[PDB]
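Structure file structure_25.pdb (PDB, C-alpha atoms) is printed below.
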ATOM      1  CA  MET Y  17       0.000   0.000   0.000  1.00  0.00           C
ATOM      2  CA  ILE Y  18       0.805   3.649  -0.490  1.00  0.00           C
ATOM      3  CA  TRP Y  19      -1.272   6.263   1.345  1.00  0.00           C
ATOM      4  CA  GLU Y  20      -1.698   9.650  -0.221  1.00  0.00           C
ATOM      5  CA  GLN Y  21      -2.491  12.358   2.252  1.00  0.00           C
ATOM      6  CA  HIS Y  22      -4.377  15.491   1.046  1.00  0.00           C
ATOM      7  CA  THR Y  23      -5.996  18.359   2.949  1.00  0.00           C
ATOM      8  CA  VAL Y  24      -9.145  20.012   1.565  1.00  0.00           C
ATOM      9  CA  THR Y  25     -11.272  22.973   2.574  1.00  0.00           C
ATOM     10  CA  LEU Y  26     -14.972  22.485   2.136  1.00  0.00           C
ATOM     11  CA  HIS Y  27     -17.167  25.547   2.127  1.00  0.00           C
ATOM     12  CA  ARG Y  28     -20.557  25.170   3.809  1.00  0.00           C
ATOM     13  CA  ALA Y  29     -23.511  25.475   1.431  1.00  0.00           C
ATOM     14  CA  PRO Y  30     -26.440  26.207   3.749  1.00  0.00           C
ATOM     15  CA  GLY Y  31     -29.255  23.687   3.343  1.00  0.00           C
ATOM     16  CA  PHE Y  32     -26.586  21.205   2.293  1.00  0.00           C
ATOM     17  CA  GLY Y  33     -23.925  21.352   5.093  1.00  0.00           C
ATOM     18  CA  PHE Y  34     -20.563  20.208   3.671  1.00  0.00           C
ATOM     19  CA  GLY Y  35     -22.089  17.511   1.451  1.00  0.00           C
ATOM     20  CA  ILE Y  36     -20.401  14.501   3.068  1.00  0.00           C
ATOM     21  CA  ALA Y  37     -21.413  11.615   5.296  1.00  0.00           C
ATOM     22  CA  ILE Y  38     -18.942   9.979   7.656  1.00  0.00           C
ATOM     23  CA  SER Y  39     -18.745   6.488   8.971  1.00  0.00           C
ATOM     24  CA  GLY Y  40     -16.373   4.515  11.178  1.00  0.00           C
ATOM     25  CA  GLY Y  41     -15.067   5.286  14.603  1.00  0.00           C
ATOM     26  CA  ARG Y  42     -13.895   3.023  17.402  1.00  0.00           C
ATOM     27  CA  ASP Y  43     -17.484   2.443  18.529  1.00  0.00           C
ATOM     28  CA  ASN Y  44     -18.525   1.895  14.902  1.00  0.00           C
ATOM     29  CA  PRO Y  45     -15.778   0.298  12.760  1.00  0.00           C
ATOM     30  CA  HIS Y  46     -16.578   0.445   9.055  1.00  0.00           C
ATOM     31  CA  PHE Y  47     -14.210  -2.289   7.897  1.00  0.00           C
ATOM     32  CA  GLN Y  48     -14.323  -6.024   8.529  1.00  0.00           C
ATOM     33  CA  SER Y  49     -10.693  -5.796   9.755  1.00  0.00           C
ATOM     34  CA  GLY Y  50     -11.939  -3.757  12.796  1.00  0.00           C
ATOM     35  CA  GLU Y  51      -9.948  -0.665  11.728  1.00  0.00           C
ATOM     36  CA  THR Y  52     -11.582   2.219  13.660  1.00  0.00           C
ATOM     37  CA  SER Y  53     -10.766   5.092  11.254  1.00  0.00           C
ATOM     38  CA  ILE Y  54     -13.340   7.752  10.474  1.00  0.00           C
ATOM     39  CA  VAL Y  55     -14.159   7.471   6.776  1.00  0.00           C
ATOM     40  CA  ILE Y  56     -16.072   9.407   4.118  1.00  0.00           C
ATOM     41  CA  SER Y  57     -18.996   7.115   3.402  1.00  0.00           C
ATOM     42  CA  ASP Y  58     -20.923   9.361   0.933  1.00  0.00           C
ATOM     43  CA  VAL Y  59     -20.249  12.538  -1.035  1.00  0.00           C
ATOM     44  CA  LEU Y  60     -23.359  14.539  -2.054  1.00  0.00           C
ATOM     45  CA  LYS Y  61     -23.736  14.847  -5.881  1.00  0.00           C
ATOM     46  CA  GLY Y  62     -23.171  18.503  -6.794  1.00  0.00           C
ATOM     47  CA  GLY Y  63     -22.373  19.410  -3.161  1.00  0.00           C
ATOM     48  CA  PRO Y  64     -19.351  21.159  -1.561  1.00  0.00           C
ATOM     49  CA  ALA Y  65     -17.155  18.010  -1.630  1.00  0.00           C
ATOM     50  CA  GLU Y  66     -17.832  16.929  -5.236  1.00  0.00           C
ATOM     51  CA  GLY Y  67     -14.510  16.244  -6.909  1.00  0.00           C
ATOM     52  CA  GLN Y  68     -12.585  16.959  -3.701  1.00  0.00           C
ATOM     53  CA  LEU Y  69     -13.169  13.684  -1.683  1.00  0.00           C
ATOM     54  CA  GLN Y  70     -14.198  10.089  -2.479  1.00  0.00           C
ATOM     55  CA  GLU Y  71     -16.043   7.376  -0.556  1.00  0.00           C
ATOM     56  CA  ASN Y  72     -13.535   5.488   1.612  1.00  0.00           C
ATOM     57  CA  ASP Y  73     -11.104   8.336   2.113  1.00  0.00           C
ATOM     58  CA  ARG Y  74      -9.833   7.987   5.682  1.00  0.00           C
ATOM     59  CA  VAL Y  75     -10.231  11.084   7.822  1.00  0.00           C
ATOM     60  CA  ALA Y  76      -7.131  11.851   9.868  1.00  0.00           C
ATOM     61  CA  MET Y  77      -8.056  15.348  11.020  1.00  0.00           C
ATOM     62  CA  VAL Y  78     -10.914  17.837  10.974  1.00  0.00           C
ATOM     63  CA  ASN Y  79     -10.120  21.515  11.552  1.00  0.00           C
ATOM     64  CA  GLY Y  80      -6.761  20.451  13.065  1.00  0.00           C
ATOM     65  CA  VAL Y  81      -8.338  17.909  15.497  1.00  0.00           C
ATOM     66  CA  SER Y  82      -7.105  14.307  15.312  1.00  0.00           C
ATOM     67  CA  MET Y  83      -9.640  11.615  14.420  1.00  0.00           C
ATOM     68  CA  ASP Y  84      -7.314   8.856  15.623  1.00  0.00           C
ATOM     69  CA  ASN Y  85      -9.436   6.115  17.206  1.00  0.00           C
ATOM     70  CA  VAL Y  86     -12.257   8.462  18.205  1.00  0.00           C
ATOM     71  CA  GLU Y  87     -15.980   7.890  18.678  1.00  0.00           C
ATOM     72  CA  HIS Y  88     -18.182   8.387  15.584  1.00  0.00           C
ATOM     73  CA  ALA Y  89     -20.153  11.167  17.323  1.00  0.00           C
ATOM     74  CA  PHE Y  90     -16.921  13.053  18.073  1.00  0.00           C
ATOM     75  CA  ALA Y  91     -16.142  13.236  14.319  1.00  0.00           C
ATOM     76  CA  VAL Y  92     -19.699  14.406  13.533  1.00  0.00           C
ATOM     77  CA  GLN Y  93     -19.599  17.036  16.215  1.00  0.00           C
ATOM     78  CA  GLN Y  94     -16.283  18.413  14.849  1.00  0.00           C
ATOM     79  CA  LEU Y  95     -17.959  18.836  11.436  1.00  0.00           C
ATOM     80  CA  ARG Y  96     -21.066  20.419  12.953  1.00  0.00           C
ATOM     81  CA  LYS Y  97     -19.044  22.945  14.993  1.00  0.00           C
ATOM     82  CA  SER Y  98     -17.046  24.069  11.874  1.00  0.00           C
ATOM     83  CA  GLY Y  99     -17.584  27.613  10.578  1.00  0.00           C
ATOM     84  CA  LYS Y 100     -18.155  28.486   6.943  1.00  0.00           C
ATOM     85  CA  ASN Y 101     -15.199  26.197   6.277  1.00  0.00           C
ATOM     86  CA  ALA Y 102     -14.116  22.665   7.232  1.00  0.00           C
ATOM     87  CA  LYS Y 103     -10.438  21.695   6.714  1.00  0.00           C
ATOM     88  CA  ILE Y 104     -10.304  17.928   6.405  1.00  0.00           C
ATOM     89  CA  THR Y 105      -7.093  15.946   6.176  1.00  0.00           C
ATOM     90  CA  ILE Y 106      -7.649  12.600   4.450  1.00  0.00           C
ATOM     91  CA  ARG Y 107      -5.666   9.561   3.410  1.00  0.00           C
ATOM     92  CA  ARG Y 108      -6.300   7.537   0.328  1.00  0.00           C
ATOM     93  CA  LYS Y 109      -5.012   4.013  -0.504  1.00  0.00           C
ATOM     94  CA  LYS Y 110      -3.039   4.540  -3.785  1.00  0.00           C
TER
END
As structure tokens, the full file:
Amino acid sequence: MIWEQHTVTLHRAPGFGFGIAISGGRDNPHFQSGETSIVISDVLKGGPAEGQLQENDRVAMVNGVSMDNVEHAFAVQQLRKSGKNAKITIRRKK
């Protein structure tokens, strides 16, 4: 494996949030391996993340806050408490 790490800034589109869904978390592992990583599970068509993130990107950080082995609701709450912008550091299996 290689992991490519990118950071993106998503601008809130009101009525549409940041146009992503997240899964995973240590209380909610997405993968059959039990890996606990927060992951992008859906990107809204036409929304703020279109062409910036894909399903299964691993989320390392949200607005500078580590998502290492955190609860699902902690990741959600970090997104929710973002301003106009959400800086999301991801890692992609390349």
- Message: Quick one: residues within 8 Å of region 31-46 of chain Y, all atoms listed in the file, excluding same-chain residues fewer than 4 positions away - as a ChimeraX atom specification?
- Response: /Y:26-27,50-61,63-66,85-88,91-92,102
- Message: Restricting the calculation to only C-alpha atoms: of Y:75, Y:83, Y:29, Y:17, which residue gets closest to residue 62 (chain Y)?
- Response: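 Closest to residue 62 (chain Y), using only C-alpha atoms: Y:29.
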- Note on the structure: Shortest contact to residue 104 (chain Y), candidates Y:82, Y:67, Y:30, Y:49, atoms counted all atoms listed in the file, goes to Y:82
- Residues returned when the PyMOL selection byres ((chain Y and resi 23) around 12) runs on this file, as a list in words: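 That expression, the PyMOL selection byres ((chain Y and resi 23) around 12), corresponds here to residues 20, 21, 22, 24, 25, 26, 68, 69, 73, 74, 75, 76, 77, 78, 79, 80, 102, 103, 104, 105, 106, 107 and 108 of chain Y.
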- Could you check how far CA of residue 109 (chain Y) sits from CA of residue 89 (chain Y), in Å to one decimal?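 Taking CA of residue 109 (chain Y) as the start and CA of residue 89 (chain Y) as the end point, the length is 24.5 Å.
Here CA of residue 81 (chain Y) is placed at a distance of 23.3 Å from CA of residue 18 (chain Y).
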Taking all atoms of region 96-109 of chain Y that the file lists, what box with edges along x, y and z, padded by 8 Å per side, do you get, with centre and edge lengths in Å to one decimal, as AutoDock Vina command-line options?
--center_x -13.0 --center_y 16.2 --center_z 7.2 --size_x 32.1 --size_y 40.5 --size_z 31.5
Rebuild region 46-80 of chain Y so that it carries N, CA and C atoms, then output the result as a PDB file, in the coordinates of the input.
ATOM      1  N   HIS Y  46     -15.964   0.585  10.366  1.00  0.00           N
ATOM      2  CA  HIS Y  46     -16.578   0.445   9.055  1.00  0.00           C
ATOM      3  C   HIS Y  46     -16.098  -0.825   8.355  1.00  0.00           C
ATOM      4  N   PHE Y  47     -14.864  -1.228   8.633  1.00  0.00           N
ATOM      5  CA  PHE Y  47     -14.210  -2.289   7.897  1.00  0.00           C
ATOM      6  C   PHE Y  47     -14.289  -3.583   8.671  1.00  0.00           C
ATOM      7  N   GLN Y  48     -14.239  -4.689   7.928  1.00  0.00           N
ATOM      8  CA  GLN Y  48     -14.323  -6.024   8.529  1.00  0.00           C
ATOM      9  C   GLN Y  48     -13.048  -6.328   9.331  1.00  0.00           C
ATOM     10  N   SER Y  49     -11.928  -5.697   8.964  1.00  0.00           N
ATOM     11  CA  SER Y  49     -10.693  -5.796   9.755  1.00  0.00           C
ATOM     12  C   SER Y  49     -10.754  -5.191  11.160  1.00  0.00           C
ATOM     13  N   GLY Y  50     -11.831  -4.474  11.502  1.00  0.00           N
ATOM     14  CA  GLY Y  50     -11.939  -3.757  12.796  1.00  0.00           C
ATOM     15  C   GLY Y  50     -11.208  -2.416  12.874  1.00  0.00           C
ATOM     16  N   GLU Y  51     -10.518  -2.018  11.808  1.00  0.00           N
ATOM     17  CA  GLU Y  51      -9.948  -0.665  11.728  1.00  0.00           C
ATOM     18  C   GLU Y  51     -11.031   0.338  12.158  1.00  0.00           C
ATOM     19  N   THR Y  52     -10.653   1.286  13.011  1.00  0.00           N
ATOM     20  CA  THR Y  52     -11.582   2.219  13.660  1.00  0.00           C
ATOM     21  C   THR Y  52     -11.671   3.628  13.017  1.00  0.00           C
ATOM     22  N   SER Y  53     -10.975   3.810  11.896  1.00  0.00           N
ATOM     23  CA  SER Y  53     -10.766   5.092  11.254  1.00  0.00           C
ATOM     24  C   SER Y  53     -12.119   5.682  10.892  1.00  0.00           C
ATOM     25  N   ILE Y  54     -12.234   6.990  11.049  1.00  0.00           N
ATOM     26  CA  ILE Y  54     -13.340   7.752  10.474  1.00  0.00           C
ATOM     27  C   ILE Y  54     -13.142   7.723   8.956  1.00  0.00           C
ATOM     28  N   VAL Y  55     -14.237   7.509   8.220  1.00  0.00           N
ATOM     29  CA  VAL Y  55     -14.159   7.471   6.776  1.00  0.00           C
ATOM     30  C   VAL Y  55     -15.279   8.264   6.122  1.00  0.00           C
ATOM     31  N   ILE Y  56     -15.009   8.782   4.921  1.00  0.00           N
ATOM     32  CA  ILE Y  56     -16.072   9.407   4.118  1.00  0.00           C
ATOM     33  C   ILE Y  56     -16.863   8.256   3.567  1.00  0.00           C
ATOM     34  N   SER Y  57     -18.146   8.210   3.884  1.00  0.00           N
ATOM     35  CA  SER Y  57     -18.996   7.115   3.402  1.00  0.00           C
ATOM     36  C   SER Y  57     -19.922   7.520   2.249  1.00  0.00           C
ATOM     37  N   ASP Y  58     -20.079   8.819   2.016  1.00  0.00           N
ATOM     38  CA  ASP Y  58     -20.923   9.361   0.933  1.00  0.00           C
ATOM     39  C   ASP Y  58     -20.513  10.795   0.666  1.00  0.00           C
ATOM     40  N   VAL Y  59     -20.482  11.173  -0.601  1.00  0.00           N
ATOM     41  CA  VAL Y  59     -20.249  12.538  -1.035  1.00  0.00           C
ATOM     42  C   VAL Y  59     -21.488  12.982  -1.848  1.00  0.00           C
ATOM     43  N   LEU Y  60     -22.172  14.019  -1.381  1.00  0.00           N
ATOM     44  CA  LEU Y  60     -23.359  14.539  -2.054  1.00  0.00           C
ATOM     45  C   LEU Y  60     -23.062  14.991  -3.508  1.00  0.00           C
ATOM     46  N   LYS Y  61     -23.811  14.445  -4.457  1.00  0.00           N
ATOM     47  CA  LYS Y  61     -23.736  14.847  -5.881  1.00  0.00           C
ATOM     48  C   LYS Y  61     -23.983  16.346  -6.020  1.00  0.00           C
ATOM     49  N   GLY Y  62     -23.059  17.055  -6.659  1.00  0.00           N
ATOM     50  CA  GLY Y  62     -23.171  18.503  -6.794  1.00  0.00           C
ATOM     51  C   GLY Y  62     -22.834  19.302  -5.543  1.00  0.00           C
ATOM     52  N   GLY Y  63     -22.579  18.654  -4.400  1.00  0.00           N
ATOM     53  CA  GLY Y  63     -22.373  19.410  -3.161  1.00  0.00           C
ATOM     54  C   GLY Y  63     -20.949  19.928  -3.004  1.00  0.00           C
ATOM     55  N   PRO Y  64     -20.649  20.545  -1.851  1.00  0.00           N
ATOM     56  CA  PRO Y  64     -19.351  21.159  -1.561  1.00  0.00           C
ATOM     57  C   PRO Y  64     -18.125  20.255  -1.660  1.00  0.00           C
ATOM     58  N   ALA Y  65     -18.294  18.935  -1.593  1.00  0.00           N
ATOM     59  CA  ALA Y  65     -17.155  18.010  -1.630  1.00  0.00           C
ATOM     60  C   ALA Y  65     -17.003  17.321  -2.986  1.00  0.00           C
ATOM     61  N   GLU Y  66     -17.916  17.580  -3.924  1.00  0.00           N
ATOM     62  CA  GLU Y  66     -17.832  16.929  -5.236  1.00  0.00           C
ATOM     63  C   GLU Y  66     -16.475  17.222  -5.848  1.00  0.00           C
ATOM     64  N   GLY Y  67     -15.836  16.163  -6.304  1.00  0.00           N
ATOM     65  CA  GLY Y  67     -14.510  16.244  -6.909  1.00  0.00           C
ATOM     66  C   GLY Y  67     -13.379  16.643  -5.986  1.00  0.00           C
ATOM     67  N   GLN Y  68     -13.637  16.695  -4.682  1.00  0.00           N
ATOM     68  CA  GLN Y  68     -12.585  16.959  -3.701  1.00  0.00           C
ATOM     69  C   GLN Y  68     -12.281  15.736  -2.784  1.00  0.00           C
ATOM     70  N   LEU Y  69     -13.276  14.870  -2.552  1.00  0.00           N
ATOM     71  CA  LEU Y  69     -13.169  13.684  -1.683  1.00  0.00           C
ATOM     72  C   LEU Y  69     -13.913  12.534  -2.335  1.00  0.00           C
ATOM     73  N   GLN Y  70     -13.503  11.297  -2.042  1.00  0.00           N
ATOM     74  CA  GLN Y  70     -14.198  10.089  -2.479  1.00  0.00           C
ATOM     75  C   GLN Y  70     -14.656   9.244  -1.293  1.00  0.00           C
ATOM     76  N   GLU Y  71     -15.631   8.362  -1.533  1.00  0.00           N
ATOM     77  CA  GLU Y  71     -16.043   7.376  -0.556  1.00  0.00           C
ATOM     78  C   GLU Y  71     -14.778   6.639  -0.185  1.00  0.00           C
ATOM     79  N   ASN Y  72     -14.715   6.171   1.054  1.00  0.00           N
ATOM     80  CA  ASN Y  72     -13.535   5.488   1.612  1.00  0.00           C
ATOM     81  C   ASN Y  72     -12.229   6.275   1.826  1.00  0.00           C
ATOM     82  N   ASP Y  73     -12.209   7.581   1.606  1.00  0.00           N
ATOM     83  CA  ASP Y  73     -11.104   8.336   2.113  1.00  0.00           C
ATOM     84  C   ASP Y  73     -11.139   8.219   3.637  1.00  0.00           C
ATOM     85  N   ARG Y  74      -9.971   8.034   4.235  1.00  0.00           N
ATOM     86  CA  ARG Y  74      -9.833   7.987   5.682  1.00  0.00           C
ATOM     87  C   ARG Y  74      -9.611   9.356   6.216  1.00  0.00           C
ATOM     88  N   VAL Y  75     -10.352   9.729   7.260  1.00  0.00           N
ATOM     89  CA  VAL Y  75     -10.231  11.084   7.822  1.00  0.00           C
ATOM     90  C   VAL Y  75      -9.289  11.096   9.003  1.00  0.00           C
ATOM     91  N   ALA Y  76      -8.172  11.791   8.843  1.00  0.00           N
ATOM     92  CA  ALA Y  76      -7.131  11.851   9.868  1.00  0.00           C
ATOM     93  C   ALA Y  76      -7.368  13.006  10.829  1.00  0.00           C
ATOM     94  N   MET Y  77      -7.940  14.094  10.307  1.00  0.00           N
ATOM     95  CA  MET Y  77      -8.056  15.348  11.020  1.00  0.00           C
ATOM     96  C   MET Y  77      -9.165  16.219  10.452  1.00  0.00           C
ATOM     97  N   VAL Y  78      -9.860  16.911  11.347  1.00  0.00           N
ATOM     98  CA  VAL Y  78     -10.914  17.837  10.974  1.00  0.00           C
ATOM     99  C   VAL Y  78     -10.629  19.116  11.718  1.00  0.00           C
ATOM    100  N   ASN Y  79     -10.506  20.220  10.981  1.00  0.00           N
ATOM    101  CA  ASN Y  79     -10.120  21.515  11.552  1.00  0.00           C
ATOM    102  C   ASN Y  79      -8.982  21.346  12.569  1.00  0.00           C
ATOM    103  N   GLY Y  80      -7.922  20.657  12.172  1.00  0.00           N
ATOM    104  CA  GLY Y  80      -6.761  20.451  13.065  1.00  0.00           C
ATOM    105  C   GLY Y  80      -6.958  19.527  14.273  1.00  0.00           C
TER     106      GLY Y  80
END
